[PDB]
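Single-structure report; data block below.
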Amino acid sequence: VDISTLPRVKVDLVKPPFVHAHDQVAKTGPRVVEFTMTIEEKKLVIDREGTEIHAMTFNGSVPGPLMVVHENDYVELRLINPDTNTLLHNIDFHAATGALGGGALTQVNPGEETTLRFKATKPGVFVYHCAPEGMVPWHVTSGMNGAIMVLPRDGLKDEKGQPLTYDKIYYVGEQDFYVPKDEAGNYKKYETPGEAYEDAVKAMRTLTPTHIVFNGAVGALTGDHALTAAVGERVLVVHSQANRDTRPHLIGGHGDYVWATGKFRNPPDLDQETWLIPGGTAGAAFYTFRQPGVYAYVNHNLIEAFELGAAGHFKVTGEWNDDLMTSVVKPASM
Amino acid sequence: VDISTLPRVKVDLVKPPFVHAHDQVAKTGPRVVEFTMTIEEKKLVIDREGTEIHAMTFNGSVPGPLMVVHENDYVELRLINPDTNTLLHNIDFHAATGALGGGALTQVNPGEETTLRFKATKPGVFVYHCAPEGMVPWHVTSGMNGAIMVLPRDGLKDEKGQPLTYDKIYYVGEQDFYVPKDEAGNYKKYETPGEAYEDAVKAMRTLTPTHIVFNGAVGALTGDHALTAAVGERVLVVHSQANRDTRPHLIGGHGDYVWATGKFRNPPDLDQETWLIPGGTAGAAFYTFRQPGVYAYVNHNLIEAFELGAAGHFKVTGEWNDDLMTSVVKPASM
Amino acid sequence: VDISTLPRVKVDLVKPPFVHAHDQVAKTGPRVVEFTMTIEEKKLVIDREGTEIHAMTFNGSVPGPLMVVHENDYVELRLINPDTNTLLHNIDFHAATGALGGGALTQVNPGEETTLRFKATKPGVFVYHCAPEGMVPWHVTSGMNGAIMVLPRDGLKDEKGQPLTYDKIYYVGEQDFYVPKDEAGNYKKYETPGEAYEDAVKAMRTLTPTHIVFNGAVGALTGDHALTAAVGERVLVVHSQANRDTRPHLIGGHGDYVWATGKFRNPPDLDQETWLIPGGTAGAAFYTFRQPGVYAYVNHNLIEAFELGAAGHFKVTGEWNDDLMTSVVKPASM
Ligand SMILES: O=N[O-]
Ligand SMILES: O=N[O-]
Ligand SMILES: O=N[O-]
Ligand SMILES: [Cu+2]
Ligand SMILES: [Cu+2]
Ligand SMILES: [Cu+2]
Ligand SMILES: [Cu+2]
Ligand SMILES: [Cu+2]
Ligand SMILES: [Cu+2]
């Protein structure tokens, strides 16, 4: 049918790791879902040492916000590049078909805006990212990426096709940064992005990230900003990596149902300890918490997690179950 | 039955990314399929800068040609090492059972030939590569690898077991090269392969390729050599990496049906954005084009794609579908 | 029911690649299975050059021993840290639920012991490793890891749900070591673990292992210590990597049935040439040998296998099958 006859809904995006309100099961027919994002180039402190980079962001955050729609909705994105920015940007949705995922049609100079519409024909979680010709990896590895979830119209289903319903959803975007180092191993500093570019390229070509972080910085998902849940709650964690493979693991838990490559027409993998999300992919894992306390959620290359930054915490409330685990003899001398 | 009573068919191989003519559904009983390959050691220019390596090839190309047979055919390979070559070579088929995939039985010095036969008992796409004792990774990372497709006798089937038929097939071999660098970062030059060997080994041990290319060189699958299709065509892309993990992605499309690890008795993964092909594996992805224009097919570590070379193009002809994607407001000022 | 009313069985662990005796199909009701492990910090020679590291081990071996239980058994582990050790240790089971896999409850100083019990609620093969707060990757990458197999109570089943029974089982633990190098590229030497720590951290942060080995050393699974089988035997190989992705391959064979991410409620992948086990995961592959002779089992990044050490051998006895493979014309001149 004619697109103009469809309902329109405007969505206001929220900062990761939170996700905008939506229904898992579609309560309306197919809609045009309107999103707006404003590009912001900004300084960001990415580690405990105070290393500061020039980040390139969708809507002021690394990662960009999680958009949520249903299969066969239309996504209409208004992308704004304000005059206070210096670079050309665009957007490629892996969820979309044609024109380099939209990138060929969304090139915006500072001071310009554009509106793209596409039909979300395939259910799953998908990466989106900036991809300006000749400079793709630089923009992506400076923070300019996020994800979109296209839910099946009747929600998520298990390996047997029975309903799976989540109580909470979180979005973890994992970012590999490549801060240029001198011969001594110190991080170089640059006046302008153009003076940064070649050294940025040389650093990228090492294929060795200097930092690998969740939600834009070392420790971003810890402390007061730890993820939360209660014993018995069903949590969906959507995890994306636009450029580099990752291997999420919940320390003390499991992925009860996992779409490691993120596409909901496939049956989920059951009972995973660790799962592989290839670079350029988003995945989703569903877990029901069974024990309280602190959990760490990590990239299980443990160097990547505990030295380069790819670690966050869940604080879980509720009853301790001694049947599942107990200290029989607490640590003591002999 | 006695092998001598079977039909024999001789196949003449073609240069990747093209594939020799074959039937998807087997029109004959089990056959002996005869292939011939001639080893050629040659200089190859691998990048825009004119970096020239001593390549080791099957049949003059990187990758070697795609062989296609059906499940329970016999593959009879005549491998020729002419006297103009300097090194010992052999061949290991991952499709074969026994004798290190044939490698124990096919060692040929310059001036020698050998004929191996094996039964293709398992359907799938499989790597083949050179593997001379004591020097395996050097030969493999100098170009000496390809793939073989063993089709099910009744062709490919979807996740529900209905027929899937491809209209075109392409073979992308992805090659990681490790050109030795000095302390300054320049590529070293060597008189003979023996003088090259240790520096080749040290470069390999960095685990950081200097180049990652499709069809033997940066830009080999672009421009006049872009892959082609039309809107509505069903295309199979077979992709191999003998040594290093890769993560293919069609920018602007999907893998509608994907055998990421390449073995056809398993149901395909549906609707993939990006898929992981482990080093030492061949995979296959089937896509029906729905939009015209240029597509890029990339390793979605984007540094690997756009800086080290792992990117090619499809040029697709046909009708633009405004329902699937459209520019609502073209990029403009405010 | 009350745990005290269950049967108890004490198991005596064996050195990898061998596995303690067990039944595939559970011959008793749910039990408490008692294991004891003693931490041993020791010097280990890891390569042909005689490079010696200070290893941190469970029970004196790298990897630690494979524990085998059935789904819904209880695992009771007595962990002993003798006074001859210098460091704090603990244990995290990926098989367990809660308290960081047990790590929060098992911290033992030299001279102390502890007993943990957990319920093995999920069938599969799982990593266990040391994880002391603030120093996780160092302990894990110094050898302190192993695996546990939780069999389904009715044993393993194929993709159709018919029984699969193994005749032999082997455990290959793959270890990535990061020996610190100076500016010249020589391996540094250290008096105490505390003087080693920062250089250990800097080496880890390169993300480039210096050694990647099976069973604790280059060539540990070769020669007199080669794995063995006979033609016709069904062999299960359990393979773990606590920190880094690997891609096992049996040269001359296949993975007939593969749980690449190791969890037995999922159907196995069939006919794999090579499979990906993500860092932080254990996998399992079942193969029936069809040809005699020497096989190599390798990480199929071939640099990792043949230069850094991730290669072992099987010696297989029995009848040669000329139908599956034969030399038609043995290597000769022209
Ligand atoms: O943008 N990645 O967090
Ligand atoms: O040989 N690989 O393109
Ligand atoms: O501990 N890994 O062999
Ligand atoms: Cu941008
Ligand atoms: Cu992309
Ligand atoms: Cu060769
Ligand atoms: Cu191989
Ligand atoms: Cu320890
Ligand atoms: Cu762990």
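Let's see how each residue does on (1) within 16 Å of ligand 3 (Cβ to nearest atom); (2) more than 7 Å from every other protein chain (Cβ to nearest Cβ):
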| position | (1), (2) |
| --- | --- |
| C:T114 | no, no |
| C:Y128 | yes, yes |
| C:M135 | no, yes |
| C:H139 | yes, yes |
| C:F177 | yes, yes |
| C:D182 | no, yes |
What pairs come out if I take residues in segment A:284-310 that are more than 8 Å from chain C (Cβ to nearest Cβ) and free of Cβ contacts under 8 Å to residues at least 60 places away in the same chain and pair them with residues that are crowded, with 24+ Cβ neighbours inside 10 Å and of a type in the set (S, T, N, Q) whose C-beta lies under 9 Å away, six or more apart or interchain? A:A285/A:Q272
Where a residue in segment A:321-334 is farther than 25 Å from A:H254 by Cα and its partner, wherever it lies, is of a type in the set (K, R) and in a strand (DSSP E or B), with Cβ under 9 Å and at least six apart: A:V329/C:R78
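With more than 14 Å from chain C (Cβ to nearest Cβ), in a strand (DSSP E or B) and either within 16 Å of ligand 4 (Cβ to nearest atom) or touching a strand residue (DSSP E or B) at 6+ places or on another chain (Cβ under 7 Å) (or both) as the only criterion, which of B:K43, B:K15 stands out?
Working: B:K15 fails: in a strand (DSSP E or B).
Unique residue meeting the criteria: B:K43.
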Is it the case that segment B:9-30 has a residue that's in contact with a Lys or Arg (Cβ under 6 Å, 6 or more places away or on another chain), charged (D, E, K, R) and closer than 24 Å to B:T114 by Cα? no
(1) part of a loop (DSSP other than H, G, I, E, B); (2) touching a strand residue (DSSP E or B) at 6+ places or on another chain (Cβ under 7 Å); (3) over 26 Å from B:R117 (Cα atoms) all hold for C:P267 apart from (2)
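Test B:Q241 against the criterion of being surrounded by fewer than 24 Cβ atoms within 10 Å (Cβ to Cβ) and in contact with a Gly (Cβ under 7 Å, 6 or more places away or on another chain), and give yes or no.
Details: surrounded by fewer than 24 Cβ atoms within 10 Å (Cβ to Cβ): no; in contact with a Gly (Cβ under 7 Å, 6 or more places away or on another chain): yes.
Judged against the criteria, B:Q241 is not a match.
What are the residues in segment B:98-129 that are assigned to a loop (DSSP other than H, G, I, E, B) and within 21 Å of the chain's Cα centre (by Cα), if any? Spell out the reasoning first.
Within segment B:98-129, the first condition is being assigned to a loop (DSSP other than H, G, I, E, B), and the residues that meet it are B:98, B:106-107, B:109-111, B:120-123.
Scanning segment B:98-129 gives B:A120, B:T121, B:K122, B:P123.
Take A:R78 and decide whether it is more than 21 Å from B:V329 (Cα to Cα), of a type in the set (K, R) and surrounded by fewer than 21 Cβ atoms within 10 Å (Cβ to Cβ). Talk me through it step by step, then tell me what you get.
Working: more than 21 Å from B:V329 (Cα to Cα): no; of a type in the set (K, R): yes; surrounded by fewer than 21 Cβ atoms within 10 Å (Cβ to Cβ): yes.
No.
Going through B:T274, B:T317 one at a time, which residue ends up being surrounded by fewer than 22 Cβ atoms within 10 Å (Cβ to Cβ) and more than 13 Å from chain C (Cβ to nearest Cβ)? Can you show your working first?
Numbers: B:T274 fails: surrounded by fewer than 22 Cβ atoms within 10 Å (Cβ to Cβ).
On inspection, the qualifying residue turns out to be B:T317.
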Which count do you get for residues in segment A:217-271 that are at the interface with chain C (Cβ under 10 Å from one of its Cβ atoms), within 21 Å of B:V258 (Cα to Cα) and among the aliphatic types (A, V, I, L, M)? 3
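Given C:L87, C:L105, which one is in the same structural domain as C:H20 (by CATH), of a type in the set (A, V, I, L, M) and in contact (Cβ under 8 Å) with a residue 40 or more places away in the chain?
Values: C:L105 fails: in contact (Cβ under 8 Å) with a residue 40 or more places away in the chain.
The conditions single out C:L87.
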Can you pull out every residue in segment B:81-97 that is facing chain C (nearest Cβ under 8 Å) and part of a strand (DSSP E or B)? B:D92
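Yes/no matrix, rows are residues, columns are (1) within 13 Å of ligand 6 (Cβ to nearest atom); (2) under 17 Å from B:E71 (Cα atoms):
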position: B:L100; (1), (2): no, no
position: B:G111; (1), (2): no, no
position: B:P123; (1), (2): no, yes
position: B:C130; (1), (2): yes, no
Of the residues that make up segment A:215-238, is at least one surrounded by fewer than 24 Cβ atoms within 10 Å (Cβ to Cβ), under 23 Å from A:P123 (Cα atoms) and over 17 Å from the mean Cα position of the chain (by Cα)? yes
So C:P63, is it within 14 Å of chain A (Cβ to nearest Cβ), away from ligand 4 (no atom under 16 Å from the Cβ) and part of a loop (DSSP other than H, G, I, E, B): no
Could you run through segment C:241-253 and say how many residues are within 16 Å of ligand 7 (Cβ to nearest atom) and touching a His at 6+ places or on another chain (Cβ under 8 Å)? 4
Of (1) within 13 Å of another protein chain (Cβ to nearest Cβ); (2) touching a residue at least 24 places away in the same chain (Cβ under 8 Å); (3) of a type in the set (A, V, I, L, M), C:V213 fails just (1)
Which one of the conditions (1) within 16 Å of ligand 4 (Cβ to nearest atom); (2) away from chain B (no Cβ under 14 Å); (3) within 30 Å of A:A21 (Cα to Cα) does A:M144 fail to meet, given that it meets all the rest? (2)
Restricting attention to segment A:131-141, and to residues there that are within 13 Å of ligand 5 (Cβ to nearest atom) and over 23 Å from A:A284 (Cβ atoms), which single residue is farthest from the chain's Cα centre (by Cα)? A:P132
Return the only residue of C:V179, C:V172, C:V136, C:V125 being in contact with a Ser or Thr (Cβ under 9 Å, 6 or more places away or on another chain), more than 21 Å from C:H249 (Cα to Cα) and among the β-branched types (V, I, T). C:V179
Is there a residue in segment B:204-222 that is out of contact with any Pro (no Cβ under 6 Å at 6 or more places or on another chain), basic (K, R) and closer than 27 Å to B:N59 by Cα? no
Can you find a residue that is more than 14 Å from chain B (Cβ to nearest Cβ), more than 30 Å from A:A203 (Cα to Cα) and in contact with a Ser or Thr (Cβ under 7 Å, 6 or more places away or on another chain) anywhere in segment C:191-205? yes
Restricting attention to segment A:1-28, and to residues there that are closer than 25 Å to A:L79 by Cβ and of a type in the set (D, E, K, R), which single residue is surrounded by the most Cβ atoms within 10 Å (Cβ to Cβ)? A:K15
Does A:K168 satisfy the condition of being more than 19 Å from the chain's Cα centre (by Cα), among the charged types (D, E, K, R) and outside the structural domain of A:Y128 (by CATH)? no
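Using the structure shown, decide if A:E174 is of a type outside the set (G, A, S), in contact (Cβ under 8 Å) with a residue 40 or more places away in the chain and either within 30 Å of B:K160 (Cβ to Cβ) or assigned by CATH to the domain that holds A:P278 (or both). Show your work before the answer.
Numbers: of a type outside the set (G, A, S): yes; in contact (Cβ under 8 Å) with a residue 40 or more places away in the chain: yes; either within 30 Å of B:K160 (Cβ to Cβ) or assigned by CATH to the domain that holds A:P278 (or both): yes.
Yes; evaluated as a whole, the condition is true for this residue.
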Which number in (1) in contact with a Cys (Cβ under 7 Å, 6 or more places away or on another chain); (2) over 25 Å from C:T281 (Cβ atoms) marks the one condition that C:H54 misses? (1)
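Cβ coordinates were reconstructed from backbone atoms using ideal geometry, including for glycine residues, and neighbour counts include every protein chain displayed. What is reported rests on the model, the rules as stated and the sources as named; these are not laboratory values.
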